[PDB]
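In the deposited numbering, the protein residues as written are 0 to 237. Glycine included, each C-beta is placed from N, C-alpha and C at the ideal position.
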Ligand SMILES: [Cl-]
Ligand SMILES: [Mg+2]
């Protein structure tokens, strides 16, 4: 009965490293690489890129269209409104919130988290793997109901809350049907999001050890563990 949507927020004018989603990455762009990885999700048919109406994000729309996913163009700084508009537009009941600085997101982890959410319908309204952090940065996945998002839209007036969506949930967990999803070990010391040039260099080194874009998260950590010099956004100690 429930429609799951993977709603990826991305924009060219990002606060950190503006333009990064359009950087060359493998045979595509940073954002295009992410979309190709999400094509392997069992929920791939309802992927939408949520970006702004500013002219610069014609590039974001272009990248999404090249990858055959839908595009929603809305509020630049009110992400609650952008996600609520998109979810209503596409009749989404369960929102999988991703951001375009996570190009190596693993669709198998996403699918497991959605499966857990759906199996507990009515006992969970918010599932995250990035409150407590045991995955590398850049695997961040948050899942919540349209109903929860509507409660946040009604409750939250602060600009920080409107821009980041989840902060009120994270600081008031006992007010929600809140649950967390762990990694099997603590990989939080690894940073696999793109906010700096050093992140980019690290991520470029990562994908060079795999022949396709279908590699899993655990494959990636094992390659980093075997080739510690992949990590260029953090000092390496032997
Ligand atoms: Cl954005
Ligand atoms: Mg980010």
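Item to check | Boundaries (first-last residue) of the alpha helix (DSSP H) holding residue 96 | outcome: Counting from 1 along the chain shown, the entry for residue 96 is found at position 97. Note, residue 96: premise wrong, no alpha helix (DSSP H); beta strand (DSSP E) at 93-98.
Checklist entry - With respect to 7 Å, is the separation between the Cβ of residue 100 and the closest non-hydrogen atom of ligand 2 below this value? => result Taking the chain shown and counting its residues from 1, one reaches residue 100 at position 101. At least one heavy atom of ligand 2 is nearer than 7 Å to the Cβ of residue 100, so yes.
Item to check | Unbroken stretches of the beta strand (DSSP E), 3 residues or longer, contained in the segment 96-135 | outcome: 125-127
Checklist entry - From residue 234 to residue 70, what distance separates their C-alpha atoms? => result Your numbering for residue 234 matches position 235 in the chain shown. Your numbering for residue 70 matches position 71 in the chain shown. Computed Cα separation, rounded: 38 Å.
Item to check | Assumed close pair residue 34, residue 63 - CB separation to whole angstroms, cut-off 8 Å | outcome: What you label residue 34 is simply residue 35 of the chain shown in a count that begins at 1. What you label residue 63 is simply residue 64 of the chain shown in a count that begins at 1. Right, their Cβ atoms sit about 7 Å apart.
Checklist entry - Helix, strand or coil for residue 80 per DSSP? => result For this step, residue 80 is matched to residue 81 along the chain shown. Note: residue 80 maps to helix in three-state DSSP.
Checklist entry - Do you know offhand how far residue 239's Cα is from residue 118's? => result The question about residue 239 has no answer here: the residues shown for the chain are numbered 0 through 237.
Checklist entry - Which residues, in chain order, sit with a beta-carbon under 5 Å away from any heavy atom of ligand 1? => result 8, 10
Checklist entry - Does any heavy atom of ligand 2 sit closer than 7 Å to the C-beta of residue 192? => result By 1-based counting over the chain shown, the position of residue 192 is 193. Result yes, Cβ under 7 Å from ligand 2.
Checklist entry - If we count the other Cβ atoms within 10 Å of its Cβ and call it buried at 16 or more, is residue 274 buried or exposed? => result Within the shown structure, residues of the chain are numbered from 0 to 237, placing residue 274 beyond reach of any answer.
Checklist entry - At what residue ranges does the segment 26-64 contain a whole run of the beta strand (DSSP E), taking only runs of 3 or more? => result 46-51
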